[PDB]
Structures are given as C-alpha cells and as structure tokens.
Amino acid sequence: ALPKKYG
Amino acid sequence: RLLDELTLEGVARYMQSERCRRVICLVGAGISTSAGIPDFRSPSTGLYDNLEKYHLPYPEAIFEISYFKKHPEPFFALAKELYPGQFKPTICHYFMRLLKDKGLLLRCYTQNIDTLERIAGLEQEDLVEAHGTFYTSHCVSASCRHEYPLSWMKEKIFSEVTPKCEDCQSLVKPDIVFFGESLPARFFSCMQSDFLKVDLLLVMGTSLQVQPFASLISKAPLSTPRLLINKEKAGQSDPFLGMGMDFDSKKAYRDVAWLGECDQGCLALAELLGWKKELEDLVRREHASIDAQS
Ligand SMILES: NC(=O)c1ccc[n+]([C@@H]2O[C@H](COP(=O)([O-])OP(=O)(O)OC[C@H]3O[C@@H](n4cnc5c(N)ncnc54)[C@H](O)[C@@H]3O)[C@@H](O)[C@H]2O)c1
Ligand SMILES: *C(=O)C(C)(C)CSCCCCCCCCCCCC
Ligand SMILES: [Zn+2]
C-alpha cells in the first residue's frame with residue numbers, strides 16, 4: 001500500500 | 001541564485017527569462033474559497049463550522065475512511081449541503097490556464113476535489129489530483145468497480161439517496177482520497193519525474209499541513225525558486241518539530257511570500273508579465289459562457 005493521506 | 005530579488009517582481013523577471021521553462025503549481029483549498037467552496041482554515045466559514053448536526057464522534061471523522069466505511073451517510077449529507085449552485089473557476093484557476101496556454105505549465109498538483117481545474121481547461125495530462133476528485137465515482141466492490149459520472153453522483157446526492165451501484169448494489173464512492181487512504185499511484189509516479197526538471201514552484205492557497213502532499217515543496221532542486229501566494233505565511237519549519245520555506249533568514253535565497261488573496265496575487269503577477277488584459281478577458285468570457293449554459 002502506498003503512503004496514506006494524513007493531517 | 002536565480003532570482004535577482006526575493007519579490008513578486010523578481011519572480012516575474014525570472015519567469016520571462018530563458019531559464020524558466022517548466023512551472024509546477026501546488027494548490028489547495030484556498031484557491032477555491034472565492035468560488036464558494038469552504039476550506040478547513042477559516043474559523044467562520046470553514047468546514048468545521050456547523051458539523052454538530054452530524055453527531056460525529058469527533059469532527060474529523062466525517063473525512064476519515066474508517067468512519068466513512070461504517071457510516072457513509074454524513075459525508076453524503078455534507079456533500080449535498082456544500083454542493084455549489086454553479087462551478088465558476090477563480091481568477092487563480094484561470095491564471096493556471098494561461099500558464100498552460102503559454103507552454104509553461106509542467107503540472108498542477110492539486111489537493112482539491114471540486115473539479116474547477118478541469119472546468120478552467122486544464123487537461124488530465126496537466127493534473128495530479130493528489131486527493132482524487134468528484135469528477136468520477138466508482139462502485140466499491142472489487143469485482144465490479146462500475147464507473148459513474150458526476151451527473152449521476154449529483155442526482156444521488158441531491159435526492160438524499162445513498163448512491164448504490166446499478167449492477168451490484170454496492171456503495172458508489174466519489175473518486176476522492178479520504179484521510180487514512182493511500183494516495184493514487186499517479187501522484188508518486190509524477191512526483192518522481194516532474195521535480196527533476198522543474199524551474200519554478202508556484203504554491204497557492206494551501207496551509208501545507210496534509211501529508212504527503214505538503215512534502216512536495218522539498219522535492220524541487222535546491223536552486224528552484226518557490227513563490228507562495230497565500231493569505232498566511234505557510235510552509236515554514238515548526239520550531240518544535242524541527243528539533244521548509246525560508247522567506248526571511250539571512251540565508252534566504254529563493255523563496256518569496258506574497259500574502260493576500262490568491263486572485264489578487266495572481267492578478268498582480270499577471271500584470272507584471274503583460275497578461276492582465278488576457279486574464280481579465282479570459283475570466284469574463286469563461287464566466288459569461290458558463291452563465292449562458294445555465
Ligand atoms: N476545495 C476542495 O477540494 C477542498 C476544500 C476544503 C478542504 N479540502 C482538503 O483540505 C485539506 C487541506 O488542504 P489545504 O491546505 O489546501 O487547506 P487548509 O484549509 O488547511 O488551508 C487553506 C489555506 O488557504 C488560505 N486561504 C484561504 N482562502 C484563501 C484565498 N482566497 N486566498 C489566499 N489564501 C487563502 C488559508 O489561509 C490557508 O493557509 C486537503 O487534504 C484538501 O483535500 C479540499
Ligand atoms: C481530503 O482532505 C478530502 C479529499 C477528504 C477533502 S476534505 C473535504 C472537502 C469538502 C469540500 C466540499 C466538497 C463537497 C461538494 C463538492 C462537489 C464537487 C463536484
Ligand atoms: Zn457494482
């Protein structure tokens with residue numbers, strides 16, 4: 001899995 | 001250094017030199033607030049205002065994938081509440097259209113899902129929709145993945161019917177990246193190639209907090225000038241986490257901050273470049289044409 005969207 | 005001074009005037013002179021052939025734009029929610037789409041940053045009109053009607057465990061949950069998978073209804077109700085009556089791209093969007101038309105736009109990396117870049121005339125090849133888009137939607141079942149256009153998704157959103165696939169009755173999800181989801185492979189493939197050859201970074205309307213998008217500013221060569229057009233001075237290193245943009249130090253050499261509205265900063269840059277009449281005419285023509293089809 002590719003890097004995830006995070007705040 | 002490549003800029004003769006750390007000002008908008010210096011950036012404009014660099015843009016009209018032989019050295020500046022390939023521009024990358026990095027944009028976020030601040031370029032669409034004047035088109036009527038709320039950002040997160042505004043305390044008065046931003047997304048976190050008026051979220052208690054949704055009865056969320058915490059405010060951010062409505063944008064998180066694990067919550068969406070359990071209860072997709074609040075997100076679709078919010079989408080209906082915020083769906084704009086018309087899609088009119090801003091002056092800033094049309095400034096990027098001018099960069100395209102003049103052969104300067106290598107890529108627009110956008111965090112926005114509102115489709116306004118496409119409406120302004122940027123093509124798929126010009127765009128990295130880093131957090132996806134409402135432009136297309138897909139059935140979530142791995143064995144089906146039927147694709148649906150925005151016209152279909154809008155009707156499901158406005159009738160207040162949770163969108164279900166006509167082939168298999170699974171949920172149909174807009175092609176957006178929720179918090180906690182992997183970004184599209186296109187984002188990483190383009191990032192690994194585009195920043196080898198970029199001559200100018202134009203960063204507009206983003207607070208540079210969401211990752212990995214915010215890290216794109218560090219991917220440019222160390223000589224590449226970076227212009228921020230934004231209401232606040234974003235992208236600086238945090239004094240605590242540092243234990244970024246350098247606009248102000250004695251070592252500053254390539255980063256320029258123009259603090260104000262994106263539409264006004266793009267108009268000011270256009271004026272320096274000799275594009276002000278072109279941009280004014282383009283925006284007025286495009287908006288009038290959008291009205292004529294309404
Ligand atoms: N339109 C959209 O698609 C949309 C809307 C809201 C949030 N988001 C999501 O929000 C996340 C955070 O992204 P972000 O950093 O872009 O949003 P943000 O709200 O955190 O930051 C927006 C920035 O734009 C500035 N700003 C707002 N209006 C402006 C204007 N007219 N002119 C100049 N500056 C202006 C704000 O001061 C702030 O620095 C992303 O993951 C994105 O997908 C997207
Ligand atoms: C990441 O930050 C995501 C992709 C989850 C965006 S945060 C939520 C942004 C919502 C803005 C308003 C969208 C609703 C209506 C837009 C319709 C476009 C066709
Ligand atoms: Zn299906």
# chains A, B, ... in the order shown; residues from 1 in each chain; ligands from 1
call {"tool": "residues_near_ligand", "arguments": {"ligand": "ligand 2", "cutoff": "7 Å", "atoms": "only C-alpha atoms and all ligand atoms", "output": "PyMOL selection string"}}
result
chain B and resi 37-38+63+78-80+82-84+112-115+131-132+134-135+150+176-179
call {"tool": "write_last_selection", "arguments": {"atoms": "N, CA and C atoms", "output": "PDB file, in the first residue's frame"}}
result
ATOM      1  N   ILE B  37     -16.347  27.334  -2.235  1.00  0.00           N
ATOM      2  CA  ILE B  37     -16.075  26.041  -1.607  1.00  0.00           C
ATOM      3  C   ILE B  37     -15.286  26.306  -0.328  1.00  0.00           C
ATOM      4  N   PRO B  38     -15.801  25.945   0.849  1.00  0.00           N
ATOM      5  CA  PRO B  38     -15.080  26.242   2.093  1.00  0.00           C
ATOM      6  C   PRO B  38     -13.761  25.495   2.196  1.00  0.00           C
ATOM      7  N   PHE B  63     -14.302  12.996   7.475  1.00  0.00           N
ATOM      8  CA  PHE B  63     -13.330  12.973   6.388  1.00  0.00           C
ATOM      9  C   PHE B  63     -12.388  11.779   6.464  1.00  0.00           C
ATOM     10  N   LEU B  78     -23.243  16.066   3.919  1.00  0.00           N
ATOM     11  CA  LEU B  78     -22.400  17.258   3.848  1.00  0.00           C
ATOM     12  C   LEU B  78     -22.138  17.656   2.402  1.00  0.00           C
ATOM     13  N   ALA B  79     -21.879  16.670   1.536  1.00  0.00           N
ATOM     14  CA  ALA B  79     -21.707  16.949   0.114  1.00  0.00           C
ATOM     15  C   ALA B  79     -22.915  17.680  -0.464  1.00  0.00           C
ATOM     16  N   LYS B  80     -24.126  17.271  -0.079  1.00  0.00           N
ATOM     17  CA  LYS B  80     -25.317  17.973  -0.557  1.00  0.00           C
ATOM     18  C   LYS B  80     -25.359  19.404  -0.032  1.00  0.00           C
ATOM     19  N   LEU B  82     -22.953  21.392   0.715  1.00  0.00           N
ATOM     20  CA  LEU B  82     -21.908  22.245   0.157  1.00  0.00           C
ATOM     21  C   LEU B  82     -21.861  22.253  -1.368  1.00  0.00           C
ATOM     22  N   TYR B  83     -22.690  21.463  -2.040  1.00  0.00           N
ATOM     23  CA  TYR B  83     -22.637  21.388  -3.494  1.00  0.00           C
ATOM     24  C   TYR B  83     -22.918  22.759  -4.101  1.00  0.00           C
ATOM     25  N   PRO B  84     -22.023  23.311  -4.913  1.00  0.00           N
ATOM     26  CA  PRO B  84     -22.224  24.689  -5.378  1.00  0.00           C
ATOM     27  C   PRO B  84     -23.303  24.791  -6.447  1.00  0.00           C
ATOM     28  N   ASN B 112      -7.417  19.683  -4.312  1.00  0.00           N
ATOM     29  CA  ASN B 112      -8.844  19.957  -4.397  1.00  0.00           C
ATOM     30  C   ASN B 112      -9.584  18.873  -5.158  1.00  0.00           C
ATOM     31  N   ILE B 113     -10.833  18.664  -4.747  1.00  0.00           N
ATOM     32  CA  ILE B 113     -11.693  17.629  -5.309  1.00  0.00           C
ATOM     33  C   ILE B 113     -12.873  18.229  -6.060  1.00  0.00           C
ATOM     34  N   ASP B 114     -12.889  19.553  -6.241  1.00  0.00           N
ATOM     35  CA  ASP B 114     -14.065  20.275  -6.720  1.00  0.00           C
ATOM     36  C   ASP B 114     -14.170  20.380  -8.236  1.00  0.00           C
ATOM     37  N   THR B 115     -13.198  19.853  -8.987  1.00  0.00           N
ATOM     38  CA  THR B 115     -13.156  19.784 -10.454  1.00  0.00           C
ATOM     39  C   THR B 115     -12.892  21.130 -11.123  1.00  0.00           C
ATOM     40  N   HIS B 131      -5.557  14.168  -4.095  1.00  0.00           N
ATOM     41  CA  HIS B 131      -6.578  13.616  -3.220  1.00  0.00           C
ATOM     42  C   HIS B 131      -7.812  13.195  -4.009  1.00  0.00           C
ATOM     43  N   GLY B 132      -7.639  12.913  -5.301  1.00  0.00           N
ATOM     44  CA  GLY B 132      -8.725  12.452  -6.146  1.00  0.00           C
ATOM     45  C   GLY B 132      -9.691  13.566  -6.511  1.00  0.00           C
ATOM     46  N   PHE B 134     -14.240  14.475  -7.339  1.00  0.00           N
ATOM     47  CA  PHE B 134     -15.639  14.125  -7.551  1.00  0.00           C
ATOM     48  C   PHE B 134     -15.977  13.891  -9.019  1.00  0.00           C
ATOM     49  N   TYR B 135     -15.051  14.188  -9.937  1.00  0.00           N
ATOM     50  CA  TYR B 135     -15.349  14.131 -11.368  1.00  0.00           C
ATOM     51  C   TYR B 135     -15.862  12.758 -11.776  1.00  0.00           C
ATOM     52  N   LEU B 150     -20.169  12.472 -12.756  1.00  0.00           N
ATOM     53  CA  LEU B 150     -20.640  13.396 -11.726  1.00  0.00           C
ATOM     54  C   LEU B 150     -22.124  13.709 -11.872  1.00  0.00           C
ATOM     55  N   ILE B 176     -12.417  10.156  -4.455  1.00  0.00           N
ATOM     56  CA  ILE B 176     -11.604  11.001  -3.591  1.00  0.00           C
ATOM     57  C   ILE B 176     -10.846  10.127  -2.602  1.00  0.00           C
ATOM     58  N   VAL B 177      -9.740  10.674  -2.100  1.00  0.00           N
ATOM     59  CA  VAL B 177      -8.882  10.027  -1.113  1.00  0.00           C
ATOM     60  C   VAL B 177      -9.295  10.541   0.264  1.00  0.00           C
ATOM     61  N   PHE B 178      -9.960   9.707   1.071  1.00  0.00           N
ATOM     62  CA  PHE B 178     -10.248  10.085   2.453  1.00  0.00           C
ATOM     63  C   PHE B 178      -8.971  10.058   3.288  1.00  0.00           C
ATOM     64  N   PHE B 179      -8.984  10.784   4.411  1.00  0.00           N
ATOM     65  CA  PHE B 179      -7.878  10.646   5.347  1.00  0.00           C
ATOM     66  C   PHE B 179      -7.745   9.178   5.748  1.00  0.00           C
TER      67      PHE B 179
END
call {"tool": "residues_near_ligand", "arguments": {"ligand": "ligand 3", "cutoff": "7 Å", "atoms": "only C-alpha atoms and all ligand atoms", "output": "list in words"}}
result
residues 139, 140, 141, 144, 145, 146, 165, 166, 167, 168, 169 and 170 of chain B
call {"tool": "residues_near_ligand", "arguments": {"ligand": "ligand 1", "cutoff": "6 Å", "atoms": "only C-alpha atoms and all ligand atoms", "output": "list in words"}}
result
residues 28, 29, 30, 31, 32, 33, 34, 37, 38, 39, 40, 41, 111, 112, 113, 114, 131, 205, 206, 207, 208, 209, 210, 230, 231, 232, 260, 261 and 262 of chain B
call {"tool": "write_last_selection", "arguments": {"atoms": "C-alpha atoms", "output": "short mmCIF file (atom, residue, chain, number, x, y, z; two decimals), in the first residue's frame"}}
result
data_model
loop_
_atom_site.label_atom_id
_atom_site.label_comp_id
_atom_site.auth_asym_id
_atom_site.auth_seq_id
_atom_site.Cartn_x
_atom_site.Cartn_y
_atom_site.Cartn_z
CA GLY B 28 -5.14 23.69 -2.21
CA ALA B 29 -8.47 24.77 -0.81
CA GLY B 30 -7.52 28.45 -0.70
CA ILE B 31 -7.77 28.73 -4.49
CA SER B 32 -11.45 27.72 -4.42
CA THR B 33 -12.82 29.68 -1.45
CA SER B 34 -13.63 32.61 -3.73
CA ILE B 37 -16.07 26.04 -1.61
CA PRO B 38 -15.08 26.24 2.09
CA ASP B 39 -11.56 25.47 3.23
CA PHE B 40 -10.57 24.00 6.61
CA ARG B 41 -8.56 27.00 7.80
CA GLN B 111 -5.43 18.79 -3.21
CA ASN B 112 -8.84 19.96 -4.40
CA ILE B 113 -11.69 17.63 -5.31
CA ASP B 114 -14.07 20.28 -6.72
CA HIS B 131 -6.58 13.62 -3.22
CA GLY B 205 -3.92 28.53 -1.29
CA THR B 206 -2.68 25.76 0.98
CA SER B 207 -1.54 25.57 4.58
CA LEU B 208 0.95 22.77 3.70
CA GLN B 209 -0.07 20.55 6.60
CA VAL B 210 -1.60 17.47 4.95
CA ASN B 230 -1.50 32.65 0.22
CA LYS B 231 -3.32 34.58 2.93
CA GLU B 232 -0.86 33.34 5.57
CA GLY B 260 -3.05 38.07 0.33
CA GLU B 261 -5.89 36.62 -1.70
CA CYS B 262 -4.90 34.17 -4.43
#
call {"tool": "atom_distance", "arguments": {"atom1": "atom CA of residue 153 of chain B", "atom2": "atom CA of residue 49 of chain B"}}
result
24.7 Å
call {"tool": "select_by_dssp", "arguments": {"residues": "segment 23-91 of chain B", "states": "strand (DSSP E or B)", "output": "list in words"}}
result
residues 23, 24, 25, 26, 27 and 64 of chain B
call {"tool": "write_last_selection", "arguments": {"atoms": "C-alpha atoms", "output": "mmCIF file, in the first residue's frame"}}
result
data_model
loop_
_atom_site.group_PDB
_atom_site.id
_atom_site.type_symbol
_atom_site.label_atom_id
_atom_site.label_comp_id
_atom_site.auth_asym_id
_atom_site.auth_seq_id
_atom_site.Cartn_x
_atom_site.Cartn_y
_atom_site.Cartn_z
ATOM 1 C CA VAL B 23 6.368 25.578 -13.858
ATOM 2 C CA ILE B 24 4.758 23.286 -11.277
ATOM 3 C CA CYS B 25 1.748 24.598 -9.360
ATOM 4 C CA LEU B 26 0.906 23.150 -5.922
ATOM 5 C CA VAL B 27 -2.588 24.265 -4.932
ATOM 6 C CA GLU B 64 -11.773 9.682 7.579
#
call {"tool": "closest_atom_pairs", "arguments": {"of": "chain B", "to": "chain A", "cutoff": "6 Å", "atoms": "only C-alpha atoms", "output": "CSV"}}
result
residue,atom,partner,partner_atom,distance
B:179,CA,A:5,CA,5.0
B:180,CA,A:5,CA,5.3
B:181,CA,A:4,CA,5.0
B:182,CA,A:4,CA,4.0
B:183,CA,A:4,CA,5.8
B:210,CA,A:7,CA,4.5
B:211,CA,A:6,CA,5.4
call {"tool": "select_by_dssp", "arguments": {"residues": "segment 44-250 of chain B", "states": "alpha helix (DSSP H)", "output": "CSV table (one decimal) with N, CA, C and O atoms, in the first residue's frame"}}
result
chain,number,residue,atom,x,y,z
B,65,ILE,N,-11.5,7.6,6.4
B,65,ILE,CA,-12.0,6.4,5.7
B,65,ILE,C,-12.7,5.4,6.6
B,65,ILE,O,-13.7,4.8,6.2
B,66,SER,N,-12.2,5.1,7.8
B,66,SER,CA,-12.7,4.1,8.6
B,66,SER,C,-14.2,4.5,9.1
B,66,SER,O,-15.0,3.6,9.2
B,67,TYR,N,-14.4,5.8,9.3
B,67,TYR,CA,-15.7,6.2,9.6
B,67,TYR,C,-16.7,6.2,8.4
B,67,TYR,O,-17.8,5.7,8.5
B,68,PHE,N,-16.2,6.6,7.3
B,68,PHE,CA,-17.0,6.5,6.0
B,68,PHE,C,-17.4,5.1,5.7
B,68,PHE,O,-18.5,4.9,5.3
B,69,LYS,N,-16.5,4.1,6.0
B,69,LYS,CA,-16.9,2.8,5.7
B,69,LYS,C,-18.0,2.3,6.6
B,69,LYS,O,-18.7,1.4,6.3
B,70,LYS,N,-18.0,2.8,7.8
B,70,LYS,CA,-19.1,2.4,8.8
B,70,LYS,C,-20.4,3.2,8.6
B,70,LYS,O,-21.5,2.6,8.7
B,73,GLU,N,-23.4,8.0,5.3
B,73,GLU,CA,-24.5,9.0,5.2
B,73,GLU,C,-24.1,10.4,5.6
B,73,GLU,O,-24.4,11.3,4.8
B,74,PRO,N,-23.4,10.6,6.7
B,74,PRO,CA,-23.0,12.0,7.0
B,74,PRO,C,-22.2,12.7,5.9
B,74,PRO,O,-22.4,13.9,5.6
B,75,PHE,N,-21.2,12.0,5.3
B,75,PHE,CA,-20.4,12.6,4.3
B,75,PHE,C,-21.3,13.0,3.1
B,75,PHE,O,-21.1,14.1,2.5
B,76,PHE,N,-22.2,12.1,2.7
B,76,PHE,CA,-23.1,12.5,1.5
B,76,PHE,C,-24.0,13.6,1.9
B,76,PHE,O,-24.3,14.4,1.0
B,77,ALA,N,-24.5,13.7,3.1
B,77,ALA,CA,-25.3,14.8,3.5
B,77,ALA,C,-24.5,16.1,3.5
B,77,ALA,O,-25.0,17.1,3.0
B,78,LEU,N,-23.2,16.1,3.9
B,78,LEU,CA,-22.4,17.3,3.8
B,78,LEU,C,-22.1,17.7,2.4
B,78,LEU,O,-22.2,18.8,2.1
B,79,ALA,N,-21.9,16.7,1.5
B,79,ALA,CA,-21.7,16.9,0.1
B,79,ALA,C,-22.9,17.7,-0.5
B,79,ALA,O,-22.8,18.6,-1.3
B,80,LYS,N,-24.1,17.3,-0.1
B,80,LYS,CA,-25.3,18.0,-0.6
B,80,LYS,C,-25.4,19.4,0.0
B,80,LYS,O,-25.6,20.3,-0.8
B,81,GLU,N,-25.0,19.6,1.3
B,81,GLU,CA,-25.1,20.9,1.8
B,81,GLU,C,-24.1,21.9,1.2
B,81,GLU,O,-24.4,23.1,1.1
B,82,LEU,N,-23.0,21.4,0.7
B,82,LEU,CA,-21.9,22.2,0.2
B,82,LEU,C,-21.9,22.3,-1.4
B,82,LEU,O,-21.0,23.0,-1.9
B,91,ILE,N,-10.1,33.4,-10.7
B,91,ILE,CA,-9.0,34.1,-11.4
B,91,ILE,C,-7.7,33.3,-11.2
B,91,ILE,O,-7.0,33.1,-12.2
B,92,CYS,N,-7.5,32.7,-10.0
B,92,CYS,CA,-6.3,31.9,-9.8
B,92,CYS,C,-6.3,30.6,-10.7
B,92,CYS,O,-5.3,30.3,-11.4
B,93,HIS,N,-7.5,30.0,-10.8
B,93,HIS,CA,-7.6,28.8,-11.8
B,93,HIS,C,-7.3,29.3,-13.2
B,93,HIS,O,-6.6,28.5,-13.9
B,94,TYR,N,-7.8,30.4,-13.6
B,94,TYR,CA,-7.6,30.8,-15.0
B,94,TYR,C,-6.1,31.3,-15.2
B,94,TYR,O,-5.6,31.3,-16.3
B,95,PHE,N,-5.4,31.8,-14.1
B,95,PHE,CA,-4.0,32.0,-14.3
B,95,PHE,C,-3.3,30.8,-14.6
B,95,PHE,O,-2.4,30.8,-15.5
B,96,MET,N,-3.6,29.6,-14.0
B,96,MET,CA,-3.0,28.4,-14.4
B,96,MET,C,-3.4,28.0,-15.8
B,96,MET,O,-2.6,27.4,-16.6
B,97,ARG,N,-4.6,28.3,-16.3
B,97,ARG,CA,-5.0,28.1,-17.7
B,97,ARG,C,-4.0,28.9,-18.6
B,97,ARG,O,-3.6,28.4,-19.7
B,98,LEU,N,-3.7,30.1,-18.2
B,98,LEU,CA,-2.7,30.9,-19.0
B,98,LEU,C,-1.4,30.3,-19.0
B,98,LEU,O,-0.7,30.2,-20.1
B,99,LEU,N,-0.9,29.7,-17.9
B,99,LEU,CA,0.4,29.0,-17.9
B,99,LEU,C,0.3,27.9,-18.9
B,99,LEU,O,1.3,27.6,-19.6
B,100,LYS,N,-0.8,27.1,-18.9
B,100,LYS,CA,-0.9,26.0,-19.9
B,100,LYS,C,-0.9,26.6,-21.3
B,100,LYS,O,-0.2,26.0,-22.1
B,101,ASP,N,-1.7,27.6,-21.6
B,101,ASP,CA,-1.8,28.1,-23.0
B,101,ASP,C,-0.5,28.6,-23.5
B,101,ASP,O,-0.2,28.6,-24.7
B,116,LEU,N,-12.7,22.2,-10.4
B,116,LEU,CA,-12.6,23.5,-11.0
B,116,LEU,C,-11.4,23.6,-11.9
B,116,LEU,O,-11.4,24.4,-12.9
B,117,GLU,N,-10.3,22.9,-11.7
B,117,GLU,CA,-9.1,22.9,-12.6
B,117,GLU,C,-9.5,22.4,-14.0
B,117,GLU,O,-9.1,23.0,-15.0
B,118,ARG,N,-10.3,21.4,-14.0
B,118,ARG,CA,-10.8,20.8,-15.3
B,118,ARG,C,-11.7,21.8,-16.0
B,118,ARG,O,-11.7,21.9,-17.2
B,119,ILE,N,-12.6,22.4,-15.2
B,119,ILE,CA,-13.6,23.3,-15.8
B,119,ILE,C,-12.8,24.5,-16.4
B,119,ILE,O,-13.2,25.0,-17.5
B,150,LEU,N,-20.2,12.5,-12.8
B,150,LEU,CA,-20.6,13.4,-11.7
B,150,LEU,C,-22.1,13.7,-11.9
B,150,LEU,O,-22.8,13.9,-10.9
B,151,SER,N,-22.6,13.7,-13.1
B,151,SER,CA,-24.1,13.9,-13.3
B,151,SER,C,-24.9,12.9,-12.5
B,151,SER,O,-25.9,13.2,-11.9
B,152,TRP,N,-24.4,11.6,-12.6
B,152,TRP,CA,-25.1,10.6,-11.8
B,152,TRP,C,-24.9,10.8,-10.3
B,152,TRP,O,-25.9,10.7,-9.6
B,153,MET,N,-23.7,11.1,-9.9
B,153,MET,CA,-23.5,11.2,-8.5
B,153,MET,C,-24.2,12.4,-7.9
B,153,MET,O,-24.8,12.3,-6.8
B,154,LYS,N,-24.3,13.5,-8.6
B,154,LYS,CA,-25.0,14.7,-8.1
B,154,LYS,C,-26.5,14.4,-7.9
B,154,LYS,O,-27.1,14.8,-6.9
B,155,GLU,N,-27.1,13.6,-8.8
B,155,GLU,CA,-28.5,13.3,-8.6
B,155,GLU,C,-28.8,12.4,-7.4
B,155,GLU,O,-29.7,12.6,-6.7
B,156,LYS,N,-27.9,11.5,-7.1
B,156,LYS,CA,-28.0,10.7,-5.9
B,156,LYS,C,-27.8,11.5,-4.7
B,156,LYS,O,-28.5,11.3,-3.7
B,157,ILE,N,-26.9,12.5,-4.7
B,157,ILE,CA,-26.6,13.3,-3.6
B,157,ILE,C,-27.8,14.2,-3.3
B,157,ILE,O,-28.1,14.4,-2.1
B,158,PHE,N,-28.4,14.8,-4.3
B,158,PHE,CA,-29.5,15.7,-4.1
B,158,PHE,C,-30.8,15.1,-3.7
B,158,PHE,O,-31.6,15.6,-3.0
B,185,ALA,N,-1.4,6.1,-7.3
B,185,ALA,CA,0.0,5.8,-7.8
B,185,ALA,C,0.5,6.9,-8.7
B,185,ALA,O,1.7,7.2,-8.7
B,186,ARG,N,-0.5,7.6,-9.5
B,186,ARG,CA,-0.1,8.7,-10.3
B,186,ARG,C,0.6,9.8,-9.6
B,186,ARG,O,1.5,10.4,-10.1
B,187,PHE,N,0.2,10.1,-8.3
B,187,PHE,CA,0.9,11.1,-7.5
B,187,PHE,C,2.4,10.8,-7.4
B,187,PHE,O,3.2,11.7,-7.6
B,188,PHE,N,2.7,9.5,-7.0
B,188,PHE,CA,4.1,9.2,-6.8
B,188,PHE,C,4.9,9.1,-8.1
B,188,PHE,O,6.1,9.5,-8.1
B,189,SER,N,4.3,8.5,-9.1
B,189,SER,CA,5.0,8.4,-10.4
B,189,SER,C,5.3,9.8,-10.9
B,189,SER,O,6.4,10.1,-11.4
B,190,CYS,N,4.4,10.8,-10.9
B,190,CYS,CA,4.6,12.1,-11.4
B,190,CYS,C,5.6,12.8,-10.5
B,190,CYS,O,6.5,13.5,-11.0
B,191,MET,N,5.5,12.7,-9.2
B,191,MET,CA,6.4,13.4,-8.3
B,191,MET,C,7.9,12.9,-8.5
B,191,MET,O,8.8,13.7,-8.4
B,192,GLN,N,8.1,11.6,-8.8
B,192,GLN,CA,9.5,11.1,-9.0
B,192,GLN,C,10.1,11.6,-10.3
B,192,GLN,O,11.3,11.5,-10.5
B,193,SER,N,9.3,12.1,-11.3
B,193,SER,CA,9.8,12.6,-12.6
B,193,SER,C,9.8,14.1,-12.7
B,193,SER,O,10.7,14.7,-13.2
B,194,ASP,N,8.6,14.7,-12.3
B,194,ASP,CA,8.4,16.1,-12.6
B,194,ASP,C,9.4,17.0,-11.9
B,194,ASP,O,9.8,18.0,-12.5
call {"tool": "atom_distance", "arguments": {"atom1": "atom CA of residue 57 of chain B", "atom2": "atom CA of residue 240 of chain B"}}
result
29.2 Å
call {"tool": "decode", "arguments": {"residues": "segment 116-144 of chain B", "atoms": "C-alpha atoms", "output": "compact mmCIF listing (two decimals), in the first residue's frame"}}
result
# COMPACT_ATOMS: atom_id res chain seq x y z
CA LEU B 116 -12.58 23.51 -11.02
CA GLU B 117 -9.14 22.94 -12.60
CA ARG B 118 -10.78 20.81 -15.29
CA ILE B 119 -13.58 23.34 -15.80
CA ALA B 120 -10.92 26.03 -16.27
CA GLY B 121 -9.46 23.96 -19.11
CA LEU B 122 -6.59 22.02 -17.57
CA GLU B 123 -6.40 18.55 -19.12
CA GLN B 124 -5.98 15.25 -17.33
CA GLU B 125 -2.37 15.15 -18.54
CA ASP B 126 -1.74 18.53 -16.83
CA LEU B 127 -3.16 17.42 -13.48
CA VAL B 128 -2.19 15.37 -10.47
CA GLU B 129 -5.38 15.24 -8.41
CA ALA B 130 -3.46 14.14 -5.33
CA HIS B 131 -6.58 13.62 -3.22
CA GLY B 132 -8.73 12.45 -6.15
CA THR B 133 -11.85 14.11 -7.44
CA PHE B 134 -15.64 14.13 -7.55
CA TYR B 135 -15.35 14.13 -11.37
CA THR B 136 -15.73 10.34 -11.43
CA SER B 137 -17.10 7.83 -8.93
CA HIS B 138 -16.80 4.05 -8.68
CA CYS B 139 -18.66 1.14 -7.19
CA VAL B 140 -16.58 -0.04 -4.21
CA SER B 141 -16.90 -3.80 -4.92
CA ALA B 142 -13.55 -5.12 -6.14
CA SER B 143 -15.24 -7.48 -8.64
CA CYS B 144 -17.37 -4.70 -10.18
